[PDB]
8 protein chains.
Amino acid sequence: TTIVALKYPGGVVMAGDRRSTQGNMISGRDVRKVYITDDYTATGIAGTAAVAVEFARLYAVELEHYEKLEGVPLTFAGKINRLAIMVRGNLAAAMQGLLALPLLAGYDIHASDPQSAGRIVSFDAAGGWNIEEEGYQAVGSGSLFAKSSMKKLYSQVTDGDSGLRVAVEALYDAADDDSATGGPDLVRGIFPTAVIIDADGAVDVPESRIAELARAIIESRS
Amino acid sequence: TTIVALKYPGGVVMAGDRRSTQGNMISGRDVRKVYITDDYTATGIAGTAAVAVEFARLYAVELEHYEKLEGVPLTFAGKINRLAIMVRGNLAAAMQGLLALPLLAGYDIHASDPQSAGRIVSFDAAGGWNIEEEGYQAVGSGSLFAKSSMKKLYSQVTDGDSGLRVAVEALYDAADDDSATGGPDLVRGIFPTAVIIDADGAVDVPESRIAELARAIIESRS
Amino acid sequence: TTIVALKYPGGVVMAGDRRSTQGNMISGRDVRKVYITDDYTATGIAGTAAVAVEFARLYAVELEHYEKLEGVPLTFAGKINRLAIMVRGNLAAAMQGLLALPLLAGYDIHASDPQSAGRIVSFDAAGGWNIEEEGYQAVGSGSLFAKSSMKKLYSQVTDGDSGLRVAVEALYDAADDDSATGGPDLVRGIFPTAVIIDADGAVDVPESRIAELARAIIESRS
Amino acid sequence: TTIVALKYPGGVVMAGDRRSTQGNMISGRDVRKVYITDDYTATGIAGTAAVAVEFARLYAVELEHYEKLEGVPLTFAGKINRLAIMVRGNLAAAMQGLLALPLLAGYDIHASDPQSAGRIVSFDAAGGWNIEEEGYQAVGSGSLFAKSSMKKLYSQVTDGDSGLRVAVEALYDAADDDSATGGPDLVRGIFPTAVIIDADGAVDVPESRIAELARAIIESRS
Amino acid sequence: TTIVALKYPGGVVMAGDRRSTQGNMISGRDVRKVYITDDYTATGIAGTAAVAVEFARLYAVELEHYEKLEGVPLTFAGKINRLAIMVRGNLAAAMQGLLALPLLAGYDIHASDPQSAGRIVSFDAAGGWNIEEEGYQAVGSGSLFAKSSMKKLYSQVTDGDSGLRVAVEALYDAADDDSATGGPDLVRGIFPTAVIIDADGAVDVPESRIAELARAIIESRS
Amino acid sequence: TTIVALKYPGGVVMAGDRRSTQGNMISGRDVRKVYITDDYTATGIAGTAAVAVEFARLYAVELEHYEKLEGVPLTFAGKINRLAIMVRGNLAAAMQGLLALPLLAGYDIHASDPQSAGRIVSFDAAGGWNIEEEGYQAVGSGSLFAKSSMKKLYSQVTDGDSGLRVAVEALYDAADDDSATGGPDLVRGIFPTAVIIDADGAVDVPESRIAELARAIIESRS
Amino acid sequence: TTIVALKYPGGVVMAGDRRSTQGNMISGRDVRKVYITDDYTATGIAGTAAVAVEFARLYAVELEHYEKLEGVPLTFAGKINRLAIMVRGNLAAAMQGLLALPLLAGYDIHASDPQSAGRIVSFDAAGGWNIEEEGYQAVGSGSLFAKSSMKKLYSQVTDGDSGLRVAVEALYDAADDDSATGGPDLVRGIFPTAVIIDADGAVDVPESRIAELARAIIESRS
Amino acid sequence: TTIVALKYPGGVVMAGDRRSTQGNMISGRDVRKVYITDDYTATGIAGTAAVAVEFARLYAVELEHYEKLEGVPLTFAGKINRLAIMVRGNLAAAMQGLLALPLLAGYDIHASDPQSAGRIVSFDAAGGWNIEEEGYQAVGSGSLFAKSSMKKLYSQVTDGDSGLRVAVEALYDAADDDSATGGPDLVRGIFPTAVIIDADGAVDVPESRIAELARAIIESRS
Ligand SMILES: CC(C)C[C@H](NC(=O)CNC(=O)c1cc(Cl)ccc1Cl)B(O)O
Ligand SMILES: CC(C)C[C@H](NC(=O)CNC(=O)c1cc(Cl)ccc1Cl)B(O)O
Ligand SMILES: CC(C)C[C@H](NC(=O)CNC(=O)c1cc(Cl)ccc1Cl)B(O)O
Ligand SMILES: CC(C)C[C@H](NC(=O)CNC(=O)c1cc(Cl)ccc1Cl)B(O)O
Ligand SMILES: CC(C)C[C@H](NC(=O)CNC(=O)c1cc(Cl)ccc1Cl)B(O)O
Ligand SMILES: CC(C)C[C@H](NC(=O)CNC(=O)c1cc(Cl)ccc1Cl)B(O)O
Ligand SMILES: CC(C)C[C@H](NC(=O)CNC(=O)c1cc(Cl)ccc1Cl)B(O)O
Ligand SMILES: CC(C)C[C@H](NC(=O)CNC(=O)c1cc(Cl)ccc1Cl)B(O)O
């Protein structure tokens with residue numbers, strides 16, 4: 001499992017793979033690991049699948065409940081605090097074998113400068129959170145390879161297309177180096193999933209663009 | 001790791017993959033797991049790499065030493081006994097984490113009927129050996145999937161080409177179902193390795209034929 | 001124990017065996033492992049017998065109770081959520097030796113296209129659920145052999161008869177490869193049990209058809 | 001695994017099944033578990049396969065070595081003592097998971113009365129031996145069912161044919177009650193193996209007679 | 001301890017022995033292990049004596065309480081459910097050394113066909129219940145020998161006398177093979193206890209008939 | 001297991017039962033537990049069967065070897081010392097589950113008074129020996145009941161017949177109170193075994209006398 | 001600790017850092033971790049310092065001893081075998097906390113093509129060795145970051161200068177990502193150490209070139 | 001992690017580093033570890049990050065809550081007591097791996113002499129607090145080196161500038177001796193953070209002054 005997120009001038013882009021394994025046996029081929037929490041926020045959780053889906057559905061319900069009750073949406077710090085509390089509450093279950101690690105991406109509409117409005121937040125198993133300032137982050141078992149690839153490929157990002165290409169390349173490198181991460185499937189036609197957040201909101205990326213980018217990358221590497 | 005062996009009218013064919021892993025991290029991409037022990041015998045070992053290479057080199061040296069000392073090669077039962085003794089001697093090291101499991105294929109020149117001269121022998125961790133009579137066998141972590149594929153694909157085998165195609169298809173299915181088994185690599189150009197034993201001896205299969213068969217299988221599955 | 005389920009154009013078919021064992025001793029010969037929960041849903045549970053019957057009776061009562069209380073039946077997602085909650089609640093008892101794993105098959109009447117209305121859902125020990133998209137699934141100790149047989153026999157399915165024949169063949173292969181699965185009994189006259197769900201509801205398959213199919217398969221293999 | 005032995009006026013008959021299992025997985029279908037040690041003695045060992053074959057080959061070599069050295073064969077008590085010593089020496093390996101339990105059948109040529117010359121000897125894990133006086137014995141995991149069947153079917157034995165039929169029926173009952181024992185296979189054509197010892201020596205029973213007896217028993221039970 | 005139950009055309013018959021032991025020391029010689037719960041149901045419990053008597057007295061009180069409260073007796077399925085709940089509630093005490101295993105026999109007055117109205121129900125340590133369809137069942141430490149004897153002696157049962165004789169013979173065989181089961185005592189005059197249930201209700205069998213049957217069986221075996 | 005020995009004016013008498021058990025399962029019905037070591041000494045061993053037979057055969061061989069080497073038999077104290085050394089050497093194997101406890105009876109030919117020449121010696125698990133002076137001793141799991149019966153029945157002993165009757169009665173009481181001790185079998189015709197040692201040597205008692213005594217005792221108790 | 005090795009047309013280059021730590025405390029600032037074993041071979045060991053120096057001095061002495069004894073140097077395979085034996089012999093000490101992992105670089109003078117004569121060999125804790133075919137390798141705790149940097153920077157290598165620059169950059173990245181690896185020190189003037197092997201032999205790189213390259217890299221990153 | 005605090009005539013100065021590590025891997029480069037609790041008090045916590053932020057936010061909220069409720073701020077002893085209670089309450093979580101150790105600096109406005117109004121308070125894991133009287137204190141894993149540096153550099157402190165320079169030098173020495181402490185970064189431009197408290201309140205130090213001081217110190221050491 002590997003989920004990447006990065007910033008471009010105008011917003012953020014988040015991408016994730018589709019492989020689910022049970023030890024060394026492949027169990028799932030088209031799992032979706034990226035969710036749209038609200039109009040300007042996306043979350044990606046790694047670890048036990050059931051805990052991840054439960055956390056995602058609970059977080060979405062809590063945000064919607066607050067928005068309906070108070071008539072106004074929460075600020076970014078409030079959402080970070082709620083997610084940190086949810087993560088901290090699972091420490092006892094995080095031990096003994098039910099662990100979930102989230103990653104958050106968002107667009108701040110209250111920021112003075114619209115260009116620097118994209119935010120990426122990472123979390124730890126004890127509930128501590130950190131706001132990234134380097135422009136990219138990765139979570140999962142193949143996060144080190146993806147981070148090392150982005151460290152070299154980040155100079156090419158100029159807009160959304162460049163960032164999406166860099167994210168796909170990082171996922172490809174992570175799948176190349178890790179056996180628990182699923183690479184592109186050309187026999188079946190399964191590709192990673194991406195979400196792009198900008199001033200107009202959060203939109204899912206169509207699969208044709210990702211397929212074209214993956215084919216171009218595969219041709220380049222060959 | 002998955003090594004398959006099967007019989008065709010005239011001889012035997014053995015095939016193996018090339019992936020080496022350390023947990024969930026990929027460590028080796030072009031490992032060779034099939035050896036030619038002598039003019040009419042091939043061996044394939046699964047498990048710890050160092051133990052496998054040590055076992056193979058030791059077995060070859062022992063066979064050559066006996067042949068040079070006595071002026072006549074050993075019979076098939078003698079080779080089986082020597083391999084079983086070698087396996088039985090590693091029981092203590094097989095426990096605690098140094099395990100090697102071999103599979104043997106051969107052609108008997110003393111058999112009355114040259115058609116039914118191919119032999120396949122399997123071994124267990126305690127040193128017990130079994131001579132196969134169904135026509136195929138597989139060893140490794142993905143052996144169950146390969147065996148289940150051969151159970152359905154064995155009716156098509158008529159000669160060496162048919163058997164080689166069936167072996168490649170079984171390896172492909174094993175790699176599809178298991179993450180510790182390496183599939184064909186078209187970006188890099190790495191394919192499984194095969195050895196064919198018949199009345200003229202044991203010969204390594206050139207990589208072009210295996211590449212053609214793998215491409216045909218991939219096109220068929222797509 | 002092995003329970004299989006598969007999709008055909010028009011609906012779904014689920015099949016199960018009849019053997020119950022206590023270690024290596026045979027305890028039961030005509031156990032029924034497939035239940036009709038409601039007019040359009042079937043469930044099959046593997047594991048401890050008492051837990052399975054308790055889970056089945058409880059699930060049926062809960063569905064009927066909701067239908068009577070609200071005057072309208074639940075949707076498919078609601079039933080999946082209820083089953084997942086029931087499975088998740090038994091985690092503590094799943095450890096230490098009281099484990100039950102269910103498999104769900106159903107027909108969605110709210111789907112726009114009646115042809116693609118059959119659904120198959122699998123579950124894990126932690127309460128996570130997955131909706132199948134390949135067309136078949138198996139649960140139990142012999143599920144791997146049945147899945148590997150269906151992977152090769154799925155191209156022949158065209159209607160209900162073809163699917164039933166494929167399911168019986170998969171159960172036969174699972175019983176051939178596993179000793180904890182009961183095969184057809186011709187001395188006594190005991191055969192697996194099947195349920196077919198289509199637009200008209202869920203119907204139990206009469207035993208004469210299954211006996212004829214099993215006899216044909218046995219004759220073919222001989 | 002189940003091996004039976006019984007006495008008839010004129011000699012002894014020993015029979016055994018052909019199933020080999022690894023837990024709940026079937027590993028072997030045509031294993032031979034009955035050996036002819038010398039001209040008037042047969043042995044059947046249950047437990048770990050490798051230990052059983054090693055014990056059998058060692059016992060045969062020791063008997064032949066003594067016969068060649070001294071120019072005269074050993075008496076029955078000497079053979080019993082040698083087998084008991086061999087069993088007693090494996091106590092340490094019998095613990096921790098390498099256990100072999102033998103059963104011996106023989107014809108005494110030094111007995112005054114040729115009619116009462118058949119002997120059956122059983123052994124325990126500590127090396128103690130017992131000479132049977134009831135006329136039948138069984139070893140293995142399904143020995144209780146076979147013994148209970150012979151207790152009722154022993155009144156019909158008059159000659160070799162009657163004893164062979166009773167032995168086949170006892171093996172059939174043991175396979176009916178135990179899942180680790182292999183029953184007759186009519187799809188493949190595999191049947192238990194039998195050895196008959198009389199004043200002329202020890203002879204293997206041809207498979208046609210056993211197939212006919214098994215078919216008759218199956219027809220009777222149906 | 002061994003309790004047997006079997007079906008004959010017209011009803012059911014249940015029988016039990018009288019030995020109570022504390023390790024290898026004999027503690028009781030005339031213990032009664034079969035109870036008449038109501039007008040058409042009998043129960044026999046094996047295991048710890050105190051738990052068995054407590055379970056029996058509690059079950060009888062519960063059935064009588066329901067009958068008095070509702071003015072109508074429970075159906076057979078309700079009684080089975082109550083007994084299963086009672087057994088399931090003792091799982092924690094079943095572990096660590098307070099185990100009780102029941103067996104139930106009854107006559108259904110609501111059945112359409114009076115001939116096939118006898119029912120035999122067995123239970124497991126986790127609370128799972130099974131309805132027998134072969135015609136006989138045994139519980140206790142000597143149940144295997146009794147079952148194997150009934151498997152051969154069931155063809156002679158035609159009416160109540162035949163069934164009672166078969167039950168006494170099965171108990172005799174169980175006592176012959178097991179040392180924890182008490183056989184007939186001719187020095188003291190103590191014999192097993194039996195209960196016969198038919199359309200007129202459940203009646204205890206007088207001891208003279210059982211003594212005559214036991215004497216006849218002993219004479220036959222001598 | 002219970003072995004009794006007692007003194008009468010003129011010599012000694014030793015008796016033993018014939019039951020062999022494996023837990024609560026009966027394994028042997030006609031085991032012989034009393035041996036004649038030499039012309040004036042008898043030994044009876046209780047515990048593990050194999051250890052007992054090994055000890056007996058070894059003791060006999062050692063006594064014969066000394067007699068042949070030195071040309072003169074050992075004295076009684078020397079035999080006691082040899083037996084005590086043999087018992088002491090098995091202490092390590094006596095722990096962990098291989099225990100053998102002997103009892104010795106003999107006639108001293110060097111005693112001044114021929115009337116008081118019978119000797120009974122008992123041993124403990126550490127190798128300590130004691131010479132009895134009360135006139136009787138018992139070994140085994142039912143030794144307490146036999147000793148308590150002899151304490152009351154010893155006043156009737158006058159000669160060999162009286163002592164034999166008392167020994168049979170003590171064995172009968174031990175079998176009555178203990179389930180691991182075999183009583184007289186009238187269906188099969190198996191009775192305890194006795195040895196009588198006097199000035200003329202040690203003689204085995206014929207079975208007819210023991211059968212008559214057992215029948216008389218059974219009639220008296222009835 | 002991080003040691004890198006890579007191939008360029010004409011030979012090989014190996015580089016290593018200088019930090020030694022004891023937990024989180026810095027103990028050494030100018031440790032040398034790269035040795036020249038002979039005229040055409042270099043070795044770099046990571047792990048416990050004392051074991052590394054002992055292994056290096058022993059390997060050099062063994063190679064020199066063989067060269068002096070036989071009058072001819074060993075071949076490359078012989079050196080690999082000797083190093084593998086030395087590593088395998090320390091398995092017991094490798095456990096419990098004395099671990100040393102080597103990496104070997106060399107130039108083969110017996111190769112037909114002088115361009116492709118550079119060899120890089122890696123080893124595992126059990127004694128297994130692998131010959132690299134991708135052109136670079138890294139060992140130590142920061143090996144993953146260095147490998148990921150070389151995977152992107154390898155396309156620039158054309159000659160010795162390019163390879164040395166790439167090696168220094170990889171070491172810089174490893175020190176950036178790992179706290180147990182020492183980076184360039186400009187206050188003190190301490191830089192990594194490098195060895196270059198080509199057709200003329202193995203030569204140590206002067207520190208001025210490495211200082212210039214490190215200053216250029218630092219200026220580029222700033 | 002290292003946080004230093006010291007006194008100068010007129011007030012106090014507190015400084016801290018910016019490195020966050022996870023074992024031997026660097027995780028954070030610009031972490032802020034010094035907080036302004038109120039107008040005259042600063043706190044610095046070392047240990048687990050999440051616990052530190054939670055403690056800081058809770059302490060600030062508690063102080064503000066008391067000030068708003070009572071209309072008057074707490075005295076210094078009251079704040080010390082509240083912090084000690086908060087530390088004491090985490091003892092159970094301090095064990096097993098969630099430890100936080102604070103350090104407090106403040107200016108007392110109720111002191112008679114404004115010159116000697118700066119206070120430094122240290123705490124232990126059990127909740128005990130100590131008021132420093134030597135003029136400086138350090139907390140963290142590199143506190144010993146910083147304390148030993150201040151012991152020699154304290155004679156130069158005359159005003160705020162001297163104290164700030166001494167604090168930066170102590171942090172530099174701690175980073176030199178400890179690998180878990182971050183030193184000045186000139187490639188990226190990250191420097192430690194400082195807070196100065198005097199009669200006018202608590203003010204954050206601008207980064208330009210700290211950068212100038214760090215550059216001067218680095219030039220001096222070179
Ligand atoms: C979203 C999620 C797929 C993340 C990934 N985790 C897993 O796949 C872990 N796997 C299971 O939880 C699991 C899945 C099934 Cl089907 C059965 C049993 C188990 Cl144990 B990842 O690589 O980190
Ligand atoms: C021939 C052999 C490759 C067989 C296969 N086994 C392994 O790959 C096991 N792996 C290692 O031994 C190993 C390899 C390295 Cl590079 C480092 C550490 C370890 Cl621990 B297989 O899949 O069964
Ligand atoms: C529906 C159910 C039969 C499923 C199957 N499970 C079992 O048979 C497990 N067996 C028992 O639970 C059990 C049965 C009895 Cl009669 C007594 C004791 C025990 Cl322990 B399967 O193969 O997975
Ligand atoms: C002669 C012998 C077949 C007797 C029987 N024992 C076994 O089958 C036990 N099985 C193995 O030893 C064994 C066989 C293989 Cl192929 C692989 C691993 C193992 Cl662990 B029996 O039922 O008692
Ligand atoms: C109805 C009952 C007699 C059943 C049987 N169980 C027992 O006899 C077990 N025995 C005791 O519980 C017991 C009896 C006494 Cl007197 C003292 C101590 C103990 Cl521990 B059976 O064979 O299964
Ligand atoms: C002479 C001897 C029969 C004495 C008696 N001991 C035993 O019977 C103990 N039993 C066995 O040793 C034994 C017998 C067999 Cl057939 C199989 C396994 C075992 Cl474990 B006694 O009651 O003290
Ligand atoms: C060549 C060698 C420096 C390699 C490196 N290993 C170490 O530094 C380990 N450290 C010690 O062994 C050690 C050093 C001292 Cl001064 C005192 C105690 C210890 Cl325990 B590396 O990073 O892998
Ligand atoms: C304020 C705080 C940074 C103090 C320092 N502590 C730590 O850095 C400890 N580290 C973590 O807690 C931690 C950080 C992350 Cl990103 C992930 C996992 C863990 Cl486990 B120090 O050196 O004492």
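Labels below follow one simple rule: chain letters A, B, ... track the order of the sequence lines, proteins then strands, and each chain is numbered from 1. Heavy atoms only: backbone and side chains are in, while hydrogens, waters and symmetry mates are out.
Residues A:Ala125 and A:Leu101 share a closest heavy-atom pair of N-CD2, 4.1 Å. B:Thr181 approaches B:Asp178 most closely through the heavy-atom pair OG1-OD2, 3.0 Å. The heavy-atom pair separating C:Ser112 from C:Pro114 by the smallest distance is O-CD, 3.5 Å. Across every non-hydrogen atom of C:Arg119 and C:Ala111, the tightest pair is NH2-CB, 3.8 Å. Among all heavy-atom pairs drawn from B:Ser141 and A:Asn24, the shortest one is CB-ND2, 4.4 Å. Taking both residues in full, the closest heavy atoms of B:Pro192 and B:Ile210 are given as O-CD1, 3.4 Å, listed atom of the first, atom of the second, then distance.
Proximity of B:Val187 to A:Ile218: side-chain heavy atoms (C-beta onward) are separated by under 4.5 Å at one or more points. Using a 4.5 Å heavy-atom cutoff, the side chains of C:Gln137 and C:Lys147 are in contact. Residues C:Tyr107 and C:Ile109 have side chains in contact (heavy-atom distance under 4.5 Å, counting atoms from C-beta outward). Side-chain contact between A:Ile36 and A:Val195: present, with at least one pair of heavy atoms (C-beta onward) separated by less than 4.5 Å. Within the 4.5 Å cutoff, the side chain of C:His110 has no heavy atoms near those of the C:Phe76 side chain. Side-chain atoms of G:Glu133 and B:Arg29, non-hydrogen and from C-beta on, never get closer than 4.5 Å to each other. For the pair A:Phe55 and A:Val51, the minimum side-chain heavy-atom distance is below 4.5 Å. Here the side chains of A:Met14 and A:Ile3 are in contact, with some heavy-atom distance below 4.5 Å.
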With salt bridge (charged side-chain N to carboxylate O under 4.0 Å, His left out) as the test, would you mind laying out the steps for A:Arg221 and A:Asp176 before giving the verdict?
-> CA-CA 12 Å; A:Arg221 299 257 169 139; A:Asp176 216 45; 5.3 Å; no

In sequence, state the C-alpha distance, the side-chain angles, and the governing distance for A:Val139 and A:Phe123, and then conclude on side chain to side chain contact (heavy atoms under 4.5 Å, CB included).
-> CA-CA 10 Å; A:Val139 78; A:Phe123 299 82; over 6 Å; no

Hey, mind stepping through A:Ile131 and A:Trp129 against side chain to side chain contact (heavy atoms under 4.5 Å, CB included) and telling me if it holds?
-> CA-CA 7 Å; A:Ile131 284 175; A:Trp129 55 273; 3.8 Å; yes

Kindly indicate, with the supporting measurements, whether the criterion side chain to side chain contact (heavy atoms under 4.5 Å, CB included) is fulfilled by A:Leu104 and A:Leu83.
-> CA-CA 9 Å; A:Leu104 200 70; A:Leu83 199 41; 3.9 Å; yes

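For G:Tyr136, the ring-ring contact (aromatic ring centres under 6.0 Å, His included) partners at least two apart in sequence or on another chain are G:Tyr154. B:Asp177 pairs by the salt bridge (charged side-chain N to carboxylate O under 4.0 Å, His left out) definition with C:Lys151, not counting sequence neighbours.
Atom CD of A:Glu64 has 12 or fewer neighbouring heavy atoms from other residues, nucleotides or ligands inside a 6.0 Å radius.
Listed for the A:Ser143 side chain is a donor-acceptor partner under 3.5 Å among the backbone atoms of A:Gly140. C:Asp124 places a side-chain N or O within 3.5 Å of a backbone atom of C:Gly128 that can act as its donor or acceptor partner. At distances below 3.5 Å, at least one donor-acceptor pair connects side-chain atoms of A:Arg19 with backbone N or O atoms of A:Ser179.
Rounding to the nearest 0.5 angstrom, the gap separating the CZ atom in A:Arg215 from the OG atom in A:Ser220 is 15.5 Å. Of the inter-residue distances, the one linking G:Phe145 atom CZ with A:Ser148 atom OG reads 6.0 Å to the nearest 0.5 angstrom. Interatomic distance, C:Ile197 CD1 to C:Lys7 NZ, rounded to the nearest 0.5 Å: 12.5 Å. For the atom pair B:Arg32 CZ and B:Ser20 OG, the distance stands at 14.5 Å (nearest 0.5 Å). A distance of 5.5 Å separates CG in B:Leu186 from CZ in B:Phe191, rounded to the nearest 0.5 Å. One distance of note links CD of G:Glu134 with CZ of B:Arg188; it measures 9.5 Å at 0.5 Å rounding.
Of the N and O atoms on the side chains of A:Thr43 and A:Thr37, at least one donor lies less than 3.5 Å from an acceptor on the other residue. One side chain, A:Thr1 or A:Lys33, offers a donor N or O that lies under 3.5 Å from an acceptor on the other.
The existence of a salt bridge linking B:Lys152 and B:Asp173 is excluded, since no basic side-chain nitrogen approaches an acidic carboxylate oxygen closer than 4.0 Å. Contact check on A:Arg209 versus A:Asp161 returns a salt bridge, with a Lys/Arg side-chain nitrogen under 4.0 Å from an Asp/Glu carboxylate oxygen.
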With a cut-off of 3.5 Å and sequence neighbours excluded, list every side-chain donor-acceptor pair involving residues 162-172 of chain A.
{"residue": "A:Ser162", "atom": "OG", "partner": "A:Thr158", "partner atom": "OG1", "Å": "3.1"}
{"residue": "A:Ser162", "atom": "OG", "partner": "A:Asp159", "partner atom": "OD1", "Å": "3.2"}

